[PDB]
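These notes concern the structure reproduced below.
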Amino acid sequence: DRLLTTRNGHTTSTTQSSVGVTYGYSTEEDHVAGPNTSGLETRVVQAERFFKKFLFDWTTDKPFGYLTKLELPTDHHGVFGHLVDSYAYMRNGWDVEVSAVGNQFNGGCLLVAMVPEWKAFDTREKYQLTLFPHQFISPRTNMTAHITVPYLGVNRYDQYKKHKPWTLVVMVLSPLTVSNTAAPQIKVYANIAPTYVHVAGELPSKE
Amino acid sequence: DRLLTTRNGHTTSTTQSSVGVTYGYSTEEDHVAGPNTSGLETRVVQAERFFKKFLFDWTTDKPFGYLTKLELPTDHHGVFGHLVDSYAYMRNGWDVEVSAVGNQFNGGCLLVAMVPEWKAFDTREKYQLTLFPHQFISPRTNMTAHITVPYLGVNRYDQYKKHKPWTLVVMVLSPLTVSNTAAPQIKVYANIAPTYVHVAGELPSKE
Amino acid sequence: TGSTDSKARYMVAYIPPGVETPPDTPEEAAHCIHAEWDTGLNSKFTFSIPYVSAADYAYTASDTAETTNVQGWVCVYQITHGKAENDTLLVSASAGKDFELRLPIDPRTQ
Amino acid sequence: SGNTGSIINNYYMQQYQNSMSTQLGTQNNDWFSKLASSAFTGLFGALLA
Amino acid sequence: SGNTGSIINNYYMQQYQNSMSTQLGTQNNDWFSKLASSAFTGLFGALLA
Amino acid sequence: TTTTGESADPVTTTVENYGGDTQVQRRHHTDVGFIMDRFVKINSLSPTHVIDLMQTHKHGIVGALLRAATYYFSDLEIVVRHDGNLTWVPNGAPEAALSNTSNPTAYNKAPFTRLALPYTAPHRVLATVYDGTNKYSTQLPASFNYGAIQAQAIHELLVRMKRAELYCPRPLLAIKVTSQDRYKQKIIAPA
Amino acid sequence: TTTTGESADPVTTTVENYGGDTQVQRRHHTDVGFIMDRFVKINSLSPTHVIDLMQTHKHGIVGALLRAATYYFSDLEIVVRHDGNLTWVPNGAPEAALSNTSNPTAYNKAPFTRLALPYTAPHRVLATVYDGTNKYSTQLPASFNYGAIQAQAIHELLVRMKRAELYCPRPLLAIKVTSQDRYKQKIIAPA
């Protein structure tokens, strides 16, 4: 029983096949109160909760190297999204959980990693994608991957509408294998939650 | 020098002709954590700031009894407004400031009051409108009225989309008088700020 | 109730009143108080529906004029499943630690 | 008692007002009370708040 | 109480005669009493009696 | 005493200002709890009646006074002159329940029936006026009641507010005067 | 909270799991002793009537609740509106005894007769259902009664369970719902 239940605000998620959580680059957050915000930043806890996003269909035909990515933050239709439209500057980290649920009779292996400052990777570079915070998902072992990362970047605060620091990436390491008893394919979903949300610079009304 | 400067969040307002602040019905707020919200309510401080709304033109032709009202909350295009669309239940009080700026050579007197559970008033009832939290504005003395009231109502929390507990009302007590040296008319404006904003019951996305 | 080789991930959400119609999508519901859980060694998963309303109490009955349910809805979604077709999810209900009933009434037709 | 709220003591002796219960040896025999109090309340597994 | 003048104690228990009020913490919450007691009574200015 | 009227701060001068002695006063009769504590008649009636203090007459001592407050609270006593047995039902009950005997039912006993009832609404307090934009899915919420009663026929209904609590006073009007100076009326006098 | 559902072990989660505060509750109204302690009407009647709580209506608050228990115990109170004198007889008596005056006989006094009766069966407790293959030399044993009453005529019979004790709960059903979502009904509201 590798039973883990994560909580973010009024939302919870529990897995019975976890392999732990991978913390990336740091285990804490840098100082969220720097000179660049004067004293005007504030924390908006109502945004620290899970939202969902479909990633892709893990099918037998997708080979090693097949890669799907999701640049964060992404389109949000909740309070987080409203924040992005109401404040000039924000910062937050991410608590990511990804599911690739098929069954024990499937085979293959996915690599899920959080990458800072994305750039399309050369196929040779894919062999070294493990230098980034990551975790694997292999049907014989687990159905969930969980990574937690801090905010980072050259600016203590950002303008998400112009730059996306983190970008989630899931890639086929070994192709999915199916048998008569396995799931025919595996839909991969993401359950993400922003952490330590801070905003600064109240923008005007659009009216 | 009856110099008063009020602050709500990152917004301030200062008058050099105040006559004090009138607190209505209470000087504190009732318990914002009652059984009806279980433990799920939260405070959203980002909403506690000033917004503006024009009331009417105080002109010589409007007689005693002329009344303008503004039911609260009103249409809001800032974070307060977003709150109302994102949560099933809310509660907050009001810090109200009203300006009727003309000049010392004008005459007349306005009655500004905050009324709980509005109902169109019979003209005889207007003579007793002072039983409600109020203040006056008379050119010879002041240009600003300031009233602060707590949340109240039969329900500890409300659904503003269905019921409006407080409603601001300004009424001509004695008609405006002008001379060659006075302002010809006086535009009356309101500067309002919600206090102790609390929400409960996260509504879904509209997508 | 599924087989050892049937796997799934579910989500339950409490949609408070105020919206016109419950969302048919986990993505939309995600913004509400909700919980997700997957299939595994443990077959049961329990979730508490919170009491969130304006008044301190609520009617156990529903008036005929009541269009949309006064206390909201509960939506159960299925995020995904692997070979879980035709498998079942038994759902039951029980009183919580602070559940309370007041004002006895004899309403049935006799 | 349940649904009886007389402040004043009863006029008739107890052995007339009610039947006398006997024993062979009320107690905390409330199976259901015990049962309900024994319910698992916690959380099974590891937490990450 | 107001308009009740029975010397003798009530025959029914309090929890039947009336509803039981609950609290989440009567008091001196009498806005209007406070308000009236706070009224300026003196005389503003200098006096010459 | 001069003051800054605009501030709306209360000012109570006394006759001492010009040489008088302020006296002793006894305001028992203007005590809210006491004053609202008497029976008042409810005029509209029907075999099935939902108890609503607002059906009270607006110029009656209790009705007028009640209406001069925004929110209130109280327990209640009722006196009902009815044919057949009287059945009461708490706030929130399906109208259909009134037919059943296991709900508090008082068997007919002449000349009428006097009962003690508890506040039974789901709100912390009730209101005499409620500015609902809707309040749905001068109309007050359905929940603002003290339950309902039913009998073969209901001839009289008297209601009495016990433990009254009034909040947020609002306008209380006297008879309008057309006469040049005072409203004059025949006051009792021996013959 | 996940658990091994199969074990049937009770699990009561609380809103704290996702950040809430569990509140205070007061369950006086759901206390068995209290709830069963009110009068209920017995519909079938006859000049000679054997008191059997099962003649109670199956959807009435008391009847339904009684039926949601396998075994019970209680003393009893009755109210009988009868012509002539009323004679009661304990469990186990020959029907013929009802004619004799030295058995508790209450002389007619208007409007009705209210009595306090003791549990008088020979069993340690009674049942609402009894799976007898026979039980002889939906039929319940004859011994399951509270005695009998007789009068020239018996117009009404109200029964009240005192000191009730319920054991081994069994199914309690609500009105079946045909409507797509909820059972809606007219709830009392002021006019």
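Laboratory data are not the source of any read-out in this text; all were calculated from the coordinates shown. In this analysis, Cβ positions are derived from the backbone assuming ideal geometry, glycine residues included, and neighbour counts consider all displayed protein chains.
Which residue out of G:93, G:69 is within 24 Å of the chain's Cα centre (by Cα), of a type outside the set (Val, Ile, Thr) and crowded, with 19+ Cβ neighbours inside 10 Å?
Exactly one residue qualifies, and that residue is G:69.
Closer than 27 Å to residue D:5 by Cα, surrounded by 17 or more Cβ atoms within 10 Å (Cβ to Cβ) and within 11 Å of chain D (Cβ to nearest Cβ): does that describe residue G:76?
When the stated conditions are applied, residue G:76 passes them.
Given (1) among the β-branched types (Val, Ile, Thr); (2) under 17 Å from the mean Cα position of the chain (by Cα); (3) farther than 23 Å from residue B:197 by Cβ, where does residue B:59 come up short, assuming only one miss?
Of (1) among the β-branched types (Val, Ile, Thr); (2) under 17 Å from the mean Cα position of the chain (by Cα); (3) farther than 23 Å from residue B:197 by Cβ, only one is false for residue B:59: (2).
Can you tell me which residue among C:50, C:23, C:16 is buried (at least 18 other Cβ atoms within 10 Å of the Cβ) and out of contact with any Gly (no Cβ under 9 Å at 6 or more places or on another chain)?
When all the criteria are applied, what remains is C:23.
Could you please tell me which pairs satisfy a Cβ distance under 6 Å, a separation of 6+ or placement on different chains, a first residue in region G:141-156 that is at positive phi, and a second residue that is in a loop (DSSP other than H, G, I, E, B)?
G:147/G:51; G:147/G:90; G:147/G:91; G:147/G:120
Quick one: how many residues across region B:1-34 are of a type in the set (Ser, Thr, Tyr) and more than 15 Å from the chain's Cα centre (by Cα)?
Residues in region B:1-34 being of a type in the set (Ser, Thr, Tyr) and more than 15 Å from the chain's Cα centre (by Cα): 9 in total.
Among the residues of region F:1-30, which ones are under 18 Å from residue E:45 (Cβ atoms), among the charged types (D, E, K, R) and out of contact with any strand residue (DSSP E or B) (no Cβ under 9 Å at 6 or more places or on another chain)?
Residue satisfying the conditions is F:16 alone.
Just a yes or no: is a residue in region F:63-70 among the small types (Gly, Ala, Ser), in contact with a helix residue (DSSP H, G or I) (Cβ under 9 Å, 6 or more places away or on another chain), at the interface with chain E (Cβ under 10 Å from one of its Cβ atoms) and in a strand (DSSP E or B)?
no
Quick one: residue D:33 ticks every box in (1) assigned to a helix (DSSP H, G or I); (2) surrounded by 14 or more Cβ atoms within 10 Å (Cβ to Cβ); (3) polar (S, T, N, Q) bar one, so which box is it?
(2)
Just the residues that are of a type in the set (A, V, I, L, M, F, W, C) and surrounded by 16 or more Cβ atoms within 10 Å (Cβ to Cβ), please, taken from region G:136-154.
Residues satisfying the conditions are G:140, G:144, G:148, G:149, G:151, G:154.
Where residues in region A:65-102 are in a loop (DSSP other than H, G, I, E, B) and over 15 Å from the mean Cα position of the chain (by Cα), which of them is farthest from the other protein chains (Cβ to nearest Cβ)?
Of everything passing the filter in region A:65-102, A:65 is farthest from the other protein chains (Cβ to nearest Cβ).
Filter region G:160-190 for residues that are within 14 Å of chain F (Cβ to nearest Cβ) and among the hydroxyl-bearing types (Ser, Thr, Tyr) and give the result.
G:183
Check whether at least one residue in region F:142-151 is of a type outside the set (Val, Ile, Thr) and away from chain G (no Cβ under 12 Å), and report yes or no.
Looking for residues that are of a type outside the set (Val, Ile, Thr) and away from chain G (no Cβ under 12 Å), one finds at least one in region F:142-151, hence yes.
Every residue in region F:112-135 that is more than 12 Å from chain E (Cβ to nearest Cβ) and surrounded by fewer than 21 Cβ atoms within 10 Å (Cβ to Cβ), please.
Answer for region F:112-135, where residues must be more than 12 Å from chain E (Cβ to nearest Cβ) and surrounded by fewer than 21 Cβ atoms within 10 Å (Cβ to Cβ): F:112, F:113, F:114, F:122, F:129, F:131, F:132, F:133, F:134, F:135.
For region E:12-30, enumerate the residues that are surrounded by 11 or more Cβ atoms within 10 Å (Cβ to Cβ), part of a loop (DSSP other than H, G, I, E, B) and within 14 Å of chain D (Cβ to nearest Cβ).
E:13, E:18, E:19
Against the condition in a loop (DSSP other than H, G, I, E, B), crowded, with 17+ Cβ neighbours inside 10 Å and away from chain G (no Cβ under 14 Å), how does residue F:82 come out, does it pass?
So residue F:82 does not fit the description; no.
Conditions first: (1) part of a loop (DSSP other than H, G, I, E, B); (2) out of contact with any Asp or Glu (no Cβ under 7 Å at 6 or more places or on another chain); (3) closer than 16 Å to residue A:72 by Cβ; (4) not aromatic (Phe, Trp, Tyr). Residue A:156 passes all but one, so which condition is the exception?
Result: residue A:156 passes all but (3).
Any residue at all in region B:181-199 that's assigned to a loop (DSSP other than H, G, I, E, B), surrounded by fewer than 19 Cβ atoms within 10 Å (Cβ to Cβ) and at the interface with another protein chain (Cβ under 9 Å from one of its Cβ atoms)?
No: region B:181-199 contains no residue that is assigned to a loop (DSSP other than H, G, I, E, B), surrounded by fewer than 19 Cβ atoms within 10 Å (Cβ to Cβ) and at the interface with another protein chain (Cβ under 9 Å from one of its Cβ atoms).
Within 14 Å of chain F (Cβ to nearest Cβ), surrounded by 11 or more Cβ atoms within 10 Å (Cβ to Cβ) and either touching a strand residue (DSSP E or B) at 6+ places or on another chain (Cβ under 9 Å) or under 30 Å from residue F:108 (Cβ atoms) (or both): is that true of residue G:157 in this structure?
When the stated conditions are applied, residue G:157 passes them.
Would you please list the contacts, defined by Cβ atoms under 7 Å and residues six or more apart or on different chains, that run from a residue in region A:37-48 that is within 20 Å of residue B:86 (Cα to Cα) and more than 9 Å from chain B (Cβ to nearest Cβ) to a residue that is among the small types (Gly, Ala, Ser) and not in a helix (DSSP H, G or I)?
A:48/A:9; A:48/A:193
Kindly establish whether residue A:29 is among the acidic types (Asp, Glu), away from chain C (no Cβ under 14 Å) and in a strand (DSSP E or B).
In short, no.
What are the residues in region B:103-130 that are outside any strand (DSSP E or B), crowded, with 16+ Cβ neighbours inside 10 Å and at the interface with chain F (Cβ under 10 Å from one of its Cβ atoms), if any?
Residues satisfying the conditions are B:117, B:118, B:119, B:121, B:126, B:129.
Contact list please: Cβ distance under 6 Å, first residue in region B:104-131 and under 16 Å from residue B:170 (Cβ atoms), second residue among the charged types (D, E, K, R) and surrounded by fewer than 22 Cβ atoms within 10 Å (Cβ to Cβ), pairs at least six apart or on different chains.
B:118/F:131
Can you give me the number of residues within region C:69-110 that are of a type in the set (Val, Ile, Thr) and within 14 Å of chain A (Cβ to nearest Cβ)?
Number of matching residues: 2.
Return the residue satisfying two criteria in turn: it lies in region G:27-62 and is among the charged types (D, E, K, R), surrounded by fewer than 17 Cβ atoms within 10 Å (Cβ to Cβ) and within 7 Å of another protein chain (Cβ to nearest Cβ), and of such residues it is nearest to residue G:152 (Cα to Cα).
For region G:27-62, the residue satisfying everything is G:31.
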